[PDB]
Amino acid sequence: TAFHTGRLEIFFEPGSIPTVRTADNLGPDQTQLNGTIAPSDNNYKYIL
Amino acid sequence: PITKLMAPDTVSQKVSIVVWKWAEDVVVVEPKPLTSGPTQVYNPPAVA
Amino acid sequence: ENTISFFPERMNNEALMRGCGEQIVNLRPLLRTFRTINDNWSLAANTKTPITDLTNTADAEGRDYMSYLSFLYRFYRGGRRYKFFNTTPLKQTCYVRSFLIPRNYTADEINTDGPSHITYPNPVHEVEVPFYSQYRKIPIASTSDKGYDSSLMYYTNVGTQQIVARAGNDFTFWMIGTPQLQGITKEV
Amino acid sequence: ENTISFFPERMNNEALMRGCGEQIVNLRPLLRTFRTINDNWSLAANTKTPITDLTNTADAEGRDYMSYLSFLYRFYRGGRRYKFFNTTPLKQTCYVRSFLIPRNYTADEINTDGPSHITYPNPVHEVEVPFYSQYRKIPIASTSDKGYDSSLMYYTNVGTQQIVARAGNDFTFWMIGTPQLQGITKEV
Amino acid sequence: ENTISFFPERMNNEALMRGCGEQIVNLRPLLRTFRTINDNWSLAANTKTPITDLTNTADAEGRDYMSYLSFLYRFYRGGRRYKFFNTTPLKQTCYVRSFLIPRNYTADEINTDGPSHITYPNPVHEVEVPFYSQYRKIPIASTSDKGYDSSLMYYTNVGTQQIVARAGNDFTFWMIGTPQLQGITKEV
Amino acid sequence: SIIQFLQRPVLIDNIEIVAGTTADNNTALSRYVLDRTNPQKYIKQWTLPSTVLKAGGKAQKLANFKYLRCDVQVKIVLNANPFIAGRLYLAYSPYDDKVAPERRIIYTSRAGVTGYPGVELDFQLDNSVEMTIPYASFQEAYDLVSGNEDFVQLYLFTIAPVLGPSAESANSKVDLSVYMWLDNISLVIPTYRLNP
Amino acid sequence: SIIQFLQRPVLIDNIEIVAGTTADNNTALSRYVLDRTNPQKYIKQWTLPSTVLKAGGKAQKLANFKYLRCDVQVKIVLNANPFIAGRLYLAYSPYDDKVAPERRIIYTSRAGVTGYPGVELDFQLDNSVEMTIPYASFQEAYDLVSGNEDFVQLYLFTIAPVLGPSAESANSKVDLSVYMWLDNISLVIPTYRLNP
């Protein structure tokens, strides 16, 4: 709705990924994506 | 999220996002895939 | 609309030149190209079979382009092109023959006399089945047909084994989405 | 600099004419030329093998140009060209097939379906493997690769024996020195 | 924007003419103008003092323009201009002398020899201190300085009393708001 | 080694407020200030230009230089709820930390405060505000190896309380988005010495 | 943020030798190498292009980038005594650490070695030698956050022993001055990820 509001960051980082692993599948790692590790300040990004 | 979602209880306390995908300036190299088993669809069986 | 970019139409073709002379952009050619459909199909002896008995099944598997992509469209036209490589170990004399047959009609309800081809393991059969049909085109897997269009019936002299391939002649597909795909079978 | 001479650019070509019509000056042609790599290679039956299992070894031996010179450069590009001559004495029926496979990937971790070639002892297989790669070129013996570029996988129907040859298609090598060479084995 | 008026640029100057010939619009002149800073300052005898000991205090009081407005800006440049009127009742002979001194350096850590002025109660001292500095300008009350710029040191022969005034020479101030102001002292 | 350098905008802080939030970020701009112990209770302060260079992540591929001259750019954006009411004002005071206290941006009236330069900010309306603080330094150029001389402080202030419904909801709130960068820059001098 | 970047020459190492100095920096270039356990006993090795970026001090105001393409420049200078006698040769081997051993710069003859590219160095005469190693990478561009793919090794080698008087004096010695820098550079991509 129009009342829903906020800001969002999209930031692109080449290369590998901080991942979690399984014997059947993989997954992403959120911990390595906190604003302190990957600030996303200079990297290519958009803010919606 | 760079700023929290602002949403009065007049509406849902959450929202959702959708990720359309397509490509441009596309190109491929060779028709042999990189798997160990040929292509095959999961044709839904009757039951689990 | 709103569109952005983080910054091409030549670097593609350039790194293609220095890496790959094949500037593939159209798929239609990749339909004229063949691809194996079955590893060592078998066949009853001194008899005949409507190739559908095999086709329909591999169609469901998407092992090749003309089925893989088939799962991506609805309609097509044009003449398919089939190939049989012999690998059967033992025979005395080996005719291998091919006739026409409406798509899903059965061997019994159809003639065995008409435009045909024959060869002698030369171990190969290299036929092109044309597009003869009655509406304007064909739904790729319409379960409902009394043999609208044409297809192939096959005869051999002996209990036979063959490798098989298929493609299109002008063969061409309507746009659709795509289904879910199957991967590994990691049973425990 | 200081340079002297005890006294040509034609006598070479002249004594060549009257002695040898081949005015060879470029090696690149001598890469398009073939040369035997192995005398009577063997191969497991009704199965397949990644040709590396053989290639890598003969590469270390320098028995041919495309390895001998390989020991003289670092980098190359272009499509290799392999040939198999059958010499196996006994078979019933003999398909011989060839597929693509990333350079050093194993037979098990790879598909058996794709661009292929087949023939029937016609006793010979005469394929040209192209240059599909991912950096710009290839270090000639980089021990570290997850199959950057392409290579050949081979299938036969029976326990087989073959003579083998190899060359380049545009195949071409970076300059380097040269290693020490092995001569006779005069054991006592 | 939205702006309205209940209905000038000449009536001002006109009622000025007939009422006041002074068409003051610029303040800079009002900085070249003097104004009393202290009523009967005192001074130790046959000695000297860095005028800051007085200046800084009256600066905090805003009794004059060059402090009142100082409380309205941040930065300035140019040469100040100081004046001393003698009112001391009793002396035998009266030299009064003036030297230079970095702004906030002390009398002891500084020379007494250099460009100076002297006079004899003529009862007045009428000096102009120039702008010698080291950054580009001066924060009006930067508590932190090792004597960036110049200022005045004063010597007299006897225990002395003076009236004092100050202004600017090109003296000029950066814009700021303004602080709260003090009025009456109606203690009970 | 390289031709041109970073003007990349970067964030600093993000603050939130809600009606009835009695705190330093409220009690908006007391009319007068008599005592130095009840100063104008501000909301937020940035010592510039250091904090930018420090937290902005430009240091590494900007350090190994000593002297600098630059004009800072800044802008504030907001995506707050409408039900809030009030307004804010941002300003800068050069050397406020060292000049006589009576000439500070604090220890003055709201009138004097707003007399300072800057631009205002309606909670609801001023969606994206911008501002450009020039080189207020009396010093020719700014030192980096020391980074000690923040030649300005940047103070935010509240005009009117965060006004809204009787008792606020959670999304009944405000949030802020700071971004600080630079223009009119010129760097010269190499130096081994490093800001710690 | 900035237009142009650093091509600043920087030093790497400085070595010394004296006659009768039996060591890896001597036993100059054994004619043949039969066993992998008596390889051509070299003198000095630089894994490039990492060591440059790492010890060169260009990292900080070069980091925060991922892909790179560059041609390294290098030069060696000397101010040694005359009484020494001998000569040296410098060369580079791409990916020598990973290719089959028989194709390494080591595990070959001196003839093969010198067959490699480069330039020579008279102890006494070649006062200032220069060299330029192009982008020998098979990879399009070099990664920085990893910095793991030193696409070349740079080996110094001795041609003839350090020859001089019977028993040498202290200043009867040689010394070296390395300097490594870059030309033909092009950097693109920002990235938060950092080489440790």
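Criteria and cut-off values
- Residues numbered from 1 in each chain as written, not as in the entry; some residues may be left out.
- Chains lettered and ligands numbered in written order.
- Part of a larger assembly, values for the part shown.
- Heavy atoms only, no water.
- Helix = DSSP H or I, 4+ residues; strand = E, 2+ residues; numbered from the N terminus.
- Buried < 20%, exposed > 50% of the residue type's maximum accessible area, 1.4 Å probe, protein only.
- Contact = heavy atoms within 4.5 Å.
- Areas by Shrake-Rupley, 256 points an atom, 1.4 Å probe, with all protein chains shown as cover.
- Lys, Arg positive; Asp, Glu negative; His and termini not counted.
- Charge placed at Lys NZ, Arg CZ, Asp CG, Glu CD.
- Polar contact = N/O pair within 3.5 Å; in protein donor to acceptor, adjacent residues only side chain to side chain.
- Buried area = accessible area lost by both parts, 1.4 Å probe.
- Salt bridge = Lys/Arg side-chain N within 4 Å of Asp/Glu carboxyl O.
- Least-squares fit on C-alpha atoms.
- Arc of directions from axis to C-beta.
- Patch = residues over 30% accessible without salt bridge, like charges linked within 9 Å, V, L, I, M, F, W, Y side chains within 5 Å.
- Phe/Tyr/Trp six-rings, centres within 6.5 Å; stacked < 30°, edge-to-face > 60°.
- Nonpolar A, V, L, I, M, F, W, Y, C, P; charged D, E, K, R; others polar.
- Pairing = 2+ DSSP bridges.
- Axes fitted to C-alpha atoms, helices over the stretch in contact; angles between N-to-C directions.
- Core = buried A, V, L, I, M, F, W, Y, C linked by side-chain atoms within 4.5 Å.

### Here's the deal with the overall build of chain F
The number of helices and strands found in chain F is two helices and twelve strands. When the helices and strands of chain F are listed from N to C terminus, the series reads β-β-β-β-α-β-β-α-β-β-β-β-β-β. Seen through its principal axes, chain F has C-alpha atoms that stretch 60 × 35 × 25 Å. Split into buried and exposed, the 196 residues of chain F put 54% on the buried side. Considering only intrachain contacts with a sequence separation of at least 6, the fraction spanning at least 24 residues in chain F is 86%. Of the accessible surface of chain F, which amounts to about 8600 Å², a share of 56% is contributed by carbon and sulfur atoms. Side chains of chain F carry 18 positive and 19 negative charges; the gap between the two charge centres is 5 Å.

### Some points on the arrangement of the chains
Considering every one of the eleven pairs of chains in contact, the largest contact total is recorded for chains F and G. Considering only C-alpha positions, the minimal separation of the non-contacting chain D and chain E is 56 Å. No interface is formed between chain B and chain G, the nearest pair of C-alpha atoms being 17 Å apart.

### Quick word on the environment of D:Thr172
Residues and elements named next belong to chain D. With respect to the helices and strands, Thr172 occurs in the segment after strand 10 (160–168). Non-local contacts of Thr172, meaning those with residues more than four positions away in its chain, are made with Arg28, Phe75, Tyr76 and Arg77. Of the polar contacts made by the side chain of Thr172, one reaches the side chain of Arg28; its length is 3.2 Å.

### So, the interface of chain G and chain F
Taken together, the contact pairs 14 residues of chain G with 14 residues of chain F. Summed over both sides, the interface between chain G and chain F buries roughly 1500 Å², with carbon and sulfur atoms accounting for 55% of that surface. Three residues, G:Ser1, G:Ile2 and G:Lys61, lead the burial of chain G against chain F; their summed loss comes to 47% of the area buried on that side. Counting the contacts that link chain G with chain F gives zero salt bridges.

### Considering the relation of the copies chain G and chain F
Screw-axis analysis of chain G against chain F gives a translation of 0.0 Å along the axis, an RMSD of 0.0 Å, and a rotation angle of 180°. Each copy turns onto its partner about a two-fold axis. Taking the C-alpha atom as reference, chain G places G:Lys61 closest to the rotation axis, 1.3 Å from it. A shared binding surface is used by both copies, with 100% of the interface residues of chain G retained as interface residues in chain F.

### Regarding the side chain of F:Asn79
Looking at the element boundaries, F:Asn79 is found in the loop between strand 5 (67–77) and strand 6 (87–93). F:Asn79 sits in the buried class, given a relative accessible area of 9%. One polar contact links F:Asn79 to B:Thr3, side chain to side chain, over a distance of 2.8 Å. Excluding residues within four positions of it along the chain, F:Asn79 makes contact with A:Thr5, A:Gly6, A:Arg7, B:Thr3, B:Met6 and F:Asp175.

### Digging into helix 1 (residues 11–19) of chain C
All names here are of chain C. For helix 1, the set of buried residues is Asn12, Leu16 and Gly19. Seen along its axis, helix 1 keeps its buried residues to an arc of 80°; they face one direction. Across from the buried face of helix 1, at angles greater than 90 degrees, the exposed residues are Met11 and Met17.

### What about a nonpolar patch on the surface?
The grouping of A:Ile10, A:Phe12, A:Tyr46, A:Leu48, C:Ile4 and C:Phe6 at the surface amounts to a nonpolar patch, some 620 Å² of accessible area in total. Relative to the helices and strands, A:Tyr46 resides in strand 5 (residues 45–47).

### Some details on unusual backbone geometry
Here F:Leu48 and F:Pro49 are connected by a cis peptide whose omega angle stands at 10°. With a phi angle near 70°, F:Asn64 is a residue other than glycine that sits in the positive phi range. Of note, F:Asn64 is situated in the loop between helix 1 (50–55) and strand 5. In this structure, G:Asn184 is a non-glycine residue whose phi angle is positive, near 65°.

### A word on the packing of aromatic side chains
One pass over the full model with this rule turns up 42 aromatic pairs over all chains. When the centroid spacing of 4.6 Å and the interplanar angle of 75° are considered together, the rings of D:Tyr135 and D:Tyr148 count as edge-to-face. Here D:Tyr135, found in the loop between strand 7 (124–125) and strand 8 (138–139), pairs with D:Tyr148, found in the loop between strand 8 and strand 9 (150–156); they are 13 residues apart in sequence, far enough to count as distant. Taken together, D:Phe75, D:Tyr135, D:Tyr148, D:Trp174, G:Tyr95 and G:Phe138 form an aromatic cluster joined through their ring pairs.

### A look at the environment of G:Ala100
Counting through the fold element by element, G:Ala100 comes out in the loop between strand 6 (87–93) and helix 2 (110–115). A residue is classified by how much of its surface remains accessible, and G:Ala100, at 17% relative accessible area, is buried. Ignoring anything within four residues of it in the chain, the contact list for G:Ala100 reads D:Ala141 and D:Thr143.

### Things to note about the interface of chain C and chain A
Residue-level contacts link four residues of chain C with five residues of chain A. The contact between chain C and chain A buries some 380 Å² in all, and 67% of this surface belongs to carbon and sulfur atoms. Interface area lost by chain C to chain A is led by C:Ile4, C:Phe6 and C:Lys186, which between them contribute 90%. Summed over the shared surface of chain C and chain A, the result is zero salt bridges. Taken together, the links from chain C to chain A amount to one residue pair in polar contact. Looking at the side of chain C that touches chain A, its residues break down into two nonpolar, one polar and one charged.

### Observations concerning the sheet that holds strand 4 (residues 80–86) of chain D
All names here are of chain D. An order of 1-10-4-7 is seen for the four strands of this open sheet, with the pairing classed as antiparallel. Here the strands that pair on one side only, and so sit at the sheet edges, are strand 1 (36–43) and strand 7. Pairing analysis gives seven bridges linking strand 4 to strand 10, with the strands arranged antiparallel. For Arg81, the partnering residue across the bridge sits in strand 10 and is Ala167. Its contacts with the sheet place helix 3 (residues 52–61) against strand 1, strand 4 and strand 10, and it is angled at close to 60° to strand 10.

### Examining the nonpolar core
Core analysis: the largest hydrophobic core is formed by 61 residues, its most contacted members being F:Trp46, F:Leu154 and F:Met180. Breaking this core down by element, the ones donating at least two residues are strand 3 (75–76) of chain E together with strand 4 (44–48), helix 1, strand 5, strand 6, strand 8 (128–133), strand 10 (152–158) and strand 12 (177–187) of chain F. Setting aside chain neighbours within four positions, we find F:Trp46 in contact with F:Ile12, F:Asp13, F:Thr51, F:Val152, F:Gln153, F:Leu154, F:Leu156, F:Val178 and F:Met180.

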